[PDB]
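Input: a single structure, listed below in C-alpha cells.
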Amino acid sequence: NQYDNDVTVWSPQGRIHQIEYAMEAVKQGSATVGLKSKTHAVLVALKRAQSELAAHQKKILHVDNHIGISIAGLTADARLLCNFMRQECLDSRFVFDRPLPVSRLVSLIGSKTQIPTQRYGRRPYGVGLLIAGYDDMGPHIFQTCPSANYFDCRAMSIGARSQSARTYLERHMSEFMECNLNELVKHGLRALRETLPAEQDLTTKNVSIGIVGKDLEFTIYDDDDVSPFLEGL
Amino acid sequence: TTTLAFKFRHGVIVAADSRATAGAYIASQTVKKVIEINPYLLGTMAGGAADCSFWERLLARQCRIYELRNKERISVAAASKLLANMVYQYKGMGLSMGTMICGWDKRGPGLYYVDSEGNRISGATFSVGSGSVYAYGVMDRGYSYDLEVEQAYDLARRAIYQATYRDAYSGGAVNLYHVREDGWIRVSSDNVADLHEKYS
Amino acid sequence: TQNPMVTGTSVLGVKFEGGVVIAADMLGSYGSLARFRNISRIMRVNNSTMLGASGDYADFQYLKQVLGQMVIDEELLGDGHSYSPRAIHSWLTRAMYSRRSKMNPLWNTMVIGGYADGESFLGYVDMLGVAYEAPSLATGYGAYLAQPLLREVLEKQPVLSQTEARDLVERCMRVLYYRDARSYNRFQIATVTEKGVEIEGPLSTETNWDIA
Amino acid sequence: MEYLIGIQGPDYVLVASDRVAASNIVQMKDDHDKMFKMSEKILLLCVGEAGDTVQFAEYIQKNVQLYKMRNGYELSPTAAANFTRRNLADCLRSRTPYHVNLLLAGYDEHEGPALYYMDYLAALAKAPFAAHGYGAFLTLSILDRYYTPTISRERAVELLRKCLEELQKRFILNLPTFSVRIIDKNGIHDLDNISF
Amino acid sequence: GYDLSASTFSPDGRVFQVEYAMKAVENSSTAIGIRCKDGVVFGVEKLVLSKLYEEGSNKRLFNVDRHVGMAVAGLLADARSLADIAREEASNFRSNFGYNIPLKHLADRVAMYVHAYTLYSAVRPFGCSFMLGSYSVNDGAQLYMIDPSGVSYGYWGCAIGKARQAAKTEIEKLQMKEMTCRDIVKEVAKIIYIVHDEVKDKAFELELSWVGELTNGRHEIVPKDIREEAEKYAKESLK
Amino acid sequence: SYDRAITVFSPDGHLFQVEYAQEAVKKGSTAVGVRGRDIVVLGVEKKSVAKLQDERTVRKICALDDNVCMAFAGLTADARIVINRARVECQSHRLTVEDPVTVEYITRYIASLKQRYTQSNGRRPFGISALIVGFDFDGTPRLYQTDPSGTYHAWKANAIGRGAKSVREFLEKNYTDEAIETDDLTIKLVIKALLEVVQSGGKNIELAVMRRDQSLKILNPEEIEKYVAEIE
Amino acid sequence: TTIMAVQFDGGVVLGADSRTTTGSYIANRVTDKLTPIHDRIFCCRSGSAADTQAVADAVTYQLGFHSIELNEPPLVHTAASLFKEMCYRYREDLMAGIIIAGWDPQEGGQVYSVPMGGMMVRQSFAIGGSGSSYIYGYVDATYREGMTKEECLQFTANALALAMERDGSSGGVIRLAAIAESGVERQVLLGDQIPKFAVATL
Amino acid sequence: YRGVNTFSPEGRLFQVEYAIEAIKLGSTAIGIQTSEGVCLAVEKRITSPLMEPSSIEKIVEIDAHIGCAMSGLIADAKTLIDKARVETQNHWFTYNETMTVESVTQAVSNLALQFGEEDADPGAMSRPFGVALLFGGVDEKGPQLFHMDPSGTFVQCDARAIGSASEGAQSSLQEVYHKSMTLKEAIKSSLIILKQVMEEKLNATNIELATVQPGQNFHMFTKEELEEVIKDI
Amino acid sequence: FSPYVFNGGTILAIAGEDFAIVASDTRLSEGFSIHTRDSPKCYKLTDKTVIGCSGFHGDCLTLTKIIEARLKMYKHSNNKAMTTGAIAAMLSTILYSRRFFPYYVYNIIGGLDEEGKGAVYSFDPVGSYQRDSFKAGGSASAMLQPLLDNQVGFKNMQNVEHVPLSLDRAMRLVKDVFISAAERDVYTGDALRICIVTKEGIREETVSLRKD
Ligand SMILES: CC(C)C[C@@H](C=O)NC(=O)[C@H](CC(C)C)NC(=O)[C@H](CC(C)C)NC(=O)OCc1ccccc1
Ligand SMILES: CC(C)C[C@@H](C=O)NC(=O)[C@H](CC(C)C)NC(=O)[C@H](CC(C)C)NC(=O)OCc1ccccc1
C-alpha cells in the first residue's frame, strides 16, 4: 500500500496506480456516446442531476465552430481543459486564419495532459473527453483519458455503465458510415438508452445532443430542442 | 473646453460645455463631460478625451468596490485621493487630465480639483479647461455663498456661455448639474445658440 | 534590422488561369554596388506556395530558415493537412507586424503566390504588417514602373493565360532593367500550377533595344 | 514659485508660508496649506513640483507617525530631518526623483529648537533662519540685517512682517496671505495669518 | 523502502525505479527493426484493443525528422512526449548548424534527455523503449535503440516488448547484412506474425515503415501494395 | 522557497493546525474586554511579576492607532508581528482614505491576515487571539475579537485565554445596562471578572482604559488597588 | 583592409593585407588577419578588430566542441553557418565582415562570404574590406574557371597588391594560405616579393 | 505522505472529500428561486448572548443584482466573495453591462480548486475552500439561483439547502416547492423549514433573509420586516 | 524607421429607426501609389453589428482580428452573443490598452441596439468613443460630416419638417456624399461598399466611383 500515493512512483508490476485511479474517476462519471458518419460527427450525452430540484449538469461544451467535446469526470478539470482547447483553436485562427485540424488539437491535449503524470506534486487530469469535429479530412471522433493517451475512433462511449453502449456501437458499426444525420443521431440515442438502468427512459431533460457536419457549425441541442430527435425511437 | 463647479448654501453646482475638437476640427458637439460616478458623486472631464473617460471610469469601478467592501459610500476626499494616486504613477508620460470631483459626503458638500500634473486641492469654486480663464471672470463677479438655487443655475449657465463665446475650443450645449444632500440631479441642457438669443 | 545592408530590388507577380507567376532578379546590392550577382530571391515554400522578397537579404534568409522549418514540421505529422498559400500569407503578416511592433522590423517586402483547391492566390506583405491580395503585385520600384502595365492589361482582360502572363512579366522586367538603377539583367521566373512549383534558370532580358 | 521662511529663536521656531495654489496664470486656491504636521513638535514645509510635494511629505509623515506608534516616543527633529534627507537622496538617482524644497522645524526637550534647510538635491543644512522660493532672494538680506540669536518671539513676528512687506512692495508675484505657525516646548501653535 | 525513488541506490547498487520502468516496457506488444544494406525497416504488432478504433489509431511509428524514423513500445503517452523532444532536437540542430542531424548525434541527445529523468525524485523514468532509424548516402543506414535507463547502442536487428526473446531468435537467421529493403520488408512481416500469440491476444494490425535508398533517404510508411504483399507472404509462411 | 502545505483538511473536515493553534491560544494568560456606554476597558491577568522583570516591556495591551487598541492571548512573538502589521496598515489607511481607521476595518484586516496564513503554502497559523477595542469617528464604542482561524465578531463583552469559559460565563450573568451605567462601574465589572480566575487580585492584573476623545490610558497600581478595595 | 579567398579543385587559397588602423595611425602593420578556426578551415577578418576577434574565438570554441561530439571533421558549411548565426543575431552590435574558406571531405574546397548583416552565400571567389572596392573590376576581368593552386596564389597576390597600393587602410605585407587535404601552407610576401605595377609618369 | 493532489482508489480526491465533509459543520442556509424573484435565508447560530448578531454576515451582496449565502468555514469565503465582486466590476468596466449569475458563479468556481503544493505559485492556496455558496440574482434570463461546492462544481437549482441540516431541509423543500410559487410563499416556506431545522427558537435576531427581484436591487430584510414575516409564519 | 504609414480610406455610418448603414471606399494606397482597388474597410462582427476601420492598414488588420477573437471569447464564457454597446465599450478598452503606442486606426461601429433601433458609435485612436446618429471618419471625414449634419441633422435650416430618415433616402445620401468626396479627396474613390444592418440580416451593395 506504498506504491499508490504518488504519480512519480512506479509499482513493481510497472504500473502507476495514481494514473489508474484517475482512469477510475471517469468511470464514476455519467455516460456519453460519440459516433461519426461520412458527413457528420455526433455527440449524445446523458445528463444527471444531484437533486430533483437541481438542473441537470451540462456535458457538451463549445470549443470552436468545428470542434466540440463531451466530458465525463471532474468538471473543474473539464473546464480547465476546455479553456486550453479554446485558446489553441483561437491562436490557430489568429495566426493562420484557418481552423485548427482536429487531430493536431488532440495531439496538443495529450502533450499537455502528459506533463502532470511525470512530475512530483502534480496529478493527472481527472476527466475523459469525447472530441467531435470536422476538418479538411472529414468528420472526426476522438477519445481522451486521464492518462495522456488518445484514440482516433469511429464510435466510442465513456462513463458509468458504458460497456452496454460500446456493445451496441460495435454491433451496428457497419451502418454508421452511410446513414443520414437523423439516422446517425438515433443510433447514438439507442446506444445511450442501453446504458440506462432498465426502468428509466430517455427524456428531454436528461439528453443533450451535439452535431457538427460539412456545412453545419457545431451546435448543441438541449431541452425541447431534443424532442425532434427523440420522436421516433 | 470649459468645466465649472462651485459650492454654495444648497450644495455644489457643476456645469460644462459639450464640444470635442481634433486639432482645429470640431469632432463632436454632444460630448457628456460630466461622469455620474455614484448617485452622490460626480466627475468632470477636461483635457484628453480618452484619458479622462478611462480614468474616471476606473475611479467609478474603484469607488463601487470600496462601497461593497466597507458597506459605506466613499467620501469625496477619498475618491479624489484615489484618482490622484492612480494618475501619479504615470507622471511625465504624457497623460492630460483635469478633473473636478463633486459630491456630498458625511462631512458635507465637497469639491476637489485633480490634475494629471499631480495637483489635488479643495476649494469653494473651480474652473478647468481651455475656457476656464473666461469662466472665472463671470463666476467670480457673480458668485456668493448665499445664492438662491435659481440664481446659481443662471450664474453657471452664464459663465459657461461667456466662455464658449470667447474660446474657440468650447461650445455646444451647457449641461448643468446640482448635487444635494440626497444626490445629484440633471438640471437642464441648454444649447448655446438658444442662450445667445436669451442673453441678447 | 534597423538599417538594411544588402538588399534586393523589386519583385513582380501576376496570376493567370490555373496558376501564378513571380519574377525577380538575382542581385544583392550593397548600397549602389552590384556585390552579389547570383543569389536567388525566390523560395519554394511548399508544393503549392512560392515566395519572393525584396529588401534586406539576410532577413529574407532568416525567413527562409524559419518558414522552411515549419513546413518540415507539418509534413512530419503526415495527417493530410498542409499549409495553404493563404495560411502562409497570414503567418507572414503576423510575423512582420509583431517585429514592427517590437521596433525590430524584418526589412522586407514579400510576394506570396500559390495555387490550391483550383484557385490562385497572390498576396503582398510589407515590413510594417500591411497585407492584401491583388491580381498583380510589384514591390519596390515595380510599383511605379511595372504595376501600371500589369494593371492596364488586367483591366482590359481580367483573366490571362500562362503564355500571356509570362510575356507580360518579361516586358515588365525589361522596363525595370531600363529605368531601375539597382536592377540586374539576370533574373528568375517561378511558376505554381496544379503540377507544383517550378523555378526557371537565370533568364536574361535579351530584348534590350538601345537606339540612341 | 511658492515661499517658505523660518526663524529660530532661543526657545522657539517661527515658520511662515504663502497660501497660493497657482495653475498657469490663475490662482486656483487662496488658502493653501504647505505645512505638514510630522508630530506634536515637528513641522515640514514642502514646496516644489506639483504632486511631488504632497506625495513626499505625506510619505514622510506616515513613517514618522509610524515610528511614534511603534516605539512609544516621537522622533527627534534631527532624526526626522536626517530621515527625510536619506529618503530624498535615495530617490535622487532613481527613475522617480522628487523635486521638492523643504524646511523642517521642530523642538526637542533636550536639544531645543531646530530649523533645517533642504533643497531638491537632498543637501541638509542647519541654519538660524532660511527661506525658499524666489522671494528668498529679497528677504534673506532683511533677515541677515535684523536677526539676532536672542530675538524674542514678538520681535521675530515683527521681523517676519518686514520680510513679507518687502515681498508685497518688490516681488512680482501676488502673495496676499501667509500662514504663520510657531513651535516651542508646548507644541505647535497657529498664529493669525499675516494678510494684506 | 529502497525502491520508492530514482534518487536512492539499493544496498547492492540498483535503481529499482528504473528497473520497474523497464518492466512496464516489457508488457507492451513487440516491435522490431532490422538494418540492411540499402536502408532500415520498422515493424510493429499493433493490437486492436477494440473494434471501434479507427485503422491507424495510436500509431507507434513516428517521423522525428524527414530522414529519421522512430518505433516505440510501452506507455504510449511517454513515447509521444519523447518523439516531440526528438523533433525539437532535430529542428534545433538544423537551425544552428544548417544541415540534417546525424542519427548518432540525435540518439545521443535524446538518450541524455532520457537519462536526466533517472537522477532525481522530482520526476520519474520514462516507461518506454524506442528505436531510431535513418539512411544517408554519406553515413549509410543506421539503427539505434534507447531504454528507460538512457542507454543507446547501435544494432543490426532489435526487438522490444513482450516477445523480445522470441523475436531476437527469429532475427538471428535473417543474415541482414547483405539484403535489400524490398526483401527485408517481407522478412519483418514474417517475424511479427510468428512471435505474435493469437491464442492470448485477439487480433493485431501490422504497421510498417522504412528509410533507405529506395525512398531517397526520407522515412515514410511502406506503400499499401507492398504491405499487402508482405502480409500475404507472412500468412502463407505460417502454414 | 519552502512551499509545503502545512494546513490541510482531515477526515471529518477538520484543520488540525488551526485547532492546535487554538489550544495554543488557550494556554495564554487571560484577557477581558467590555464595551461601555462611553468607555471601552481592557483587562489582562499577569501570570507573575517576578519582582525582577521590567514591566514596561511586557505589556500585553498595545495601541494600533490613536483611536484603536488591542490585547492578545497566545504566542507573544506572533502577537508582536500581527501588531506591527496592523500599525502599518492603520497609517496606510490614513494616508489614502485621509480618515482614521474604524475598529471594524482593522479587525477585518487582521482577520484576513490570519486566514491567509491558514491557507498559504509553507506557513504556520498565527497562534493568537486578539481583542480589539476603540471608538469610530461617529463616536460609537466598538469591541471585536479575532481567532487564529481568521473569523471575527463584535462583542458586548468577551474574554480570551486561560479559563476564558468561566470569565465569559461570569460576564454573561453580570453584564447589564445598569452595570455599564457609569465609567467607574464598567471598570469594576472588568476587575471582578478577572478576579474570578486570577488569585491575588490587584497586584496580578493590568488594566487599560480608552475614552471617546482621550487616548489610551493605563491605570496605575494605586488606582487598581483602590478599585479592588471598593469591590470588596 | 582587403581580404580575398579563391576556390580551386581540391582546396582554397586565402589572402589578406597586414594593416590595422585607428584613424590615420597604423597601430599594427604586421597584423595576421587569417584566423584558423579549425584544421583545414580558416576565416579572413575585416571590419572591427575587437568584434572579429571575439566572434572568431566564439566560433572556434563552438566548432571544436561540435567536432569532438560528432567524432568527425567539421564541414566548412557548418563553420560558415555558425558565423552567420552570430553575425546575424548581433548585426546591430557587430561591425564584422568575414569570409570562411576551407576544405572538407564531403564537398572539397569551399569559400563562403558573410558580409555585414549576417547573410551567407557560397562563392567561387570572394573579396571584402575597405580596399576590396578597388579590385572589383580586376578580379572580374582576370578570373578564370579551372585555375590551379599556383595560379590562384598568383591571382590573389596580384589582387591584394593592387588594393594595398590604392587603399589607404591597406598595406604592409601579404599573408597567404593554401588549404587542401594535404594541409595548410602559409607564406608571407614582403618587400620586393609583392607584385609590382609601374606607376605612369608624364 | 498523502500529498494534497492525491486520488483515492475510487477516484475521489481526498482533500475535496474532506472539504465537502467540512460543509456539514456550517449552519443551514436555504435559497428558493421564483419567477417573481429569488430569496436567501440563513441561520445565524448565535453562540453566546454577549455576541452582537449584527456582526454575523452570512449573506453578502456581490453587486446590485447578485447576492450570496455562505455555509462552512466562513473565513474562507472572504476571498471568494472579494473575487466575485472584483470580477463583476471588471465586467461592467469593460463591457458596460452586468455579469449574469452563471458567469459570476463560473468565475468563482474556476478560482476554487486552483490549489497546489509544487510548482504552483509563491503563495498559492494549499487547500480547497471549505465553503458552499448560494448565488442568487436577476439577469437577462430573470431570477437565477446557483449552488457552488468546494469541488468547483456549480449548477443552477430551483431550490437548494446547504449546511448541517441540508438532509431534511432538502426533503421539506421537495414537498413544498412548485414552479408557480410566488416570492411571498417562498419566503414563508423558507422560514418554516428554517424554524423546523434550527435547534434554537426562531426569532428576528438569529436569522438573515435577503431577496433580489427584477425591479428592486439586492435587499436584506431589516428587523421590522423580519418580525412581520415570522409573525404569520 | 517609422512604424506608421497612412493608407487612406473613408468610412461612414448612419443610424435609423430600424436600420444601420456602414459604408466605406475600397481604395488602399501608400504615398502617391495605389496598392489595390478592392480592399473594403467594412467588417462584419455579428448578425447585427458592423465595424469600419480606416487608417494604418497594418493596425486595421490586427485590431479586426483581435476584435474577432474577443467576440468568440465572450460568447464562450457568457453563452450569448455580444451587443453593439458591449462591443463599443470593449473596443474602447482595447484601444486604450495601447495608449502609449496607439493603434493608428479610426473606427465606427454601426448596428442595432437591444431595442432593435439603429446605433452608431464613433471612436478616436486611443479609445475615446461616443454614441451618435451619424458619423464619418477617415481621409474625407471633414468633407462628409458637414452635409450629413445639414441633411440628416437639419442643422442651419428653418421651417423644415423633421421627417424620420428612411432607408432609401439614407442610401441615396450615402452614395452622394461619397461621390462628392471622390471628386476632391485623392485617397478615396475606387468603389463604394455599403453594409445595411436590419432585423432580417446584413445586406451588402457595391457602387463604382471614379478611378482617378
Ligand atoms: C471629453 C473632453 C476631454 C473633450 C475635449 C475637452 O478638452 N477634448 C479635446 O478638446 C481634446 C483636445 C485638447 C483640447 C486636449 N480632443 C481629443 O482628445 C480628441 C477627442 C475626439 C472626440 C476627437 N481626440 C484627440 O485629440 O485624439 C488624438 C490623439 C491620438 C493619439 C493619442 C492621443 C491623442
Ligand atoms: C584586425 C582586422 C581583422 C580588422 C581591422 C582591419 O581593417 N580593423 C581596423 O583596423 C579598424 C578600422 C576602422 C573600424 C577604424 N579598427 C579597429 O577595429 C580599432 C578601432 C576601434 C575604435 C573600432 N583599431 C584598433 O585600435 O586596433 C587595435 C588592434 C591592433 C592590432 C590588432 C588588433 C587590434
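Chains as they are written, first to last, in UniProt numbering: chain A, 4 to 236; chain B, 60 to 259; chain C, 46 to 257; chain D, 1 to 196; chain E, 7 to 245; chain F, 2 to 233; chain G, 35 to 236; chain H, 9 to 241; chain I, 30 to 241. Every residue, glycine too, gets a C-beta built ideally from N, C-alpha and C.
- Among the residues of the stretch 60–72 of chain I, none has a Cβ less than 7 angstroms away from any Cβ of chain A.
- Between the stretch 178–188 of chain H and the stretch 99–115 of chain H, the count of Cβ pairs shorter than 8 angstroms is below three; the stretches do not touch.
- Using a Cβ-Cβ cut-off of 7 angstroms, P104(A) is close to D124, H126 of chain C, given in chain order.
- By DSSP's assignment, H72(G) forms a beta bridge with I75(G).
- Going by DSSP, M155(C) is part of no alpha helix (DSSP H) but of the beta strand (DSSP E) stretching over 153–161.
- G231(B) counts as buried, since no fewer than 16 other beta carbons sit within 10 angstroms of its beta carbon.
- Residue-level contact by beta carbon holds for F15(H) and chain A, with a gap shorter than 8 angstroms.
- Per DSSP, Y216(I) lies in no alpha helix (DSSP H) and is assigned neither H nor E.
- Not a single heavy atom of ligand 1 lies less than 7 angstroms from the C-beta of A50(D).
- Among the bridge pairs identified by DSSP, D138(A) is matched with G141(A).
- By alpha-carbon distance to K109(I), the top candidate from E232(H), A173(H), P222(H), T108(H) is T108(H).
- Assignment of beta-bridge partners to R96(A) by DSSP yields no partner.
- Residues of the stretch 54–77 of chain D that bring their beta carbon within less than 7 angstroms of a beta carbon in chain F comprise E58, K62, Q65, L66, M69, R70, in sequence order.
- The nearest non-hydrogen atom of ligand 1 is 7 angstroms or more from the C-beta of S170(I).
- When C-alpha distances from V104(F) are compared across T141(F), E197(F), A158(F), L16(F), the shortest belongs to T141(F).
- When distances are taken from the beta-carbon of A86(B) to the heavy atoms of ligand 1, the shortest one is below 7 angstroms.
- Straight-line measurement puts the Cα of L182(C) at about 23 angstroms from the Cα of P49(C).
- The stretch 132–140 of chain E makes contact with the stretch 152–167 of chain E, as at least three CB pairs between them are under 8 angstroms.
- The C-beta separation of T36(G) from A197(G) comes to about 4 angstroms, placing the pair in contact by the 8 angstroms criterion.
- Between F166(C) and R131(C), the gap from beta carbon to beta carbon is short of 8 angstroms.
- The Cβ-Cβ distance between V64(G) and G206(G) falls below 8 angstroms.
- DSSP lists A75(B), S248(B) as the beta-bridge partner residues of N234(B).
- Between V94(H) and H155(H), the alpha-carbon positions lie close to 20 angstroms from each other.
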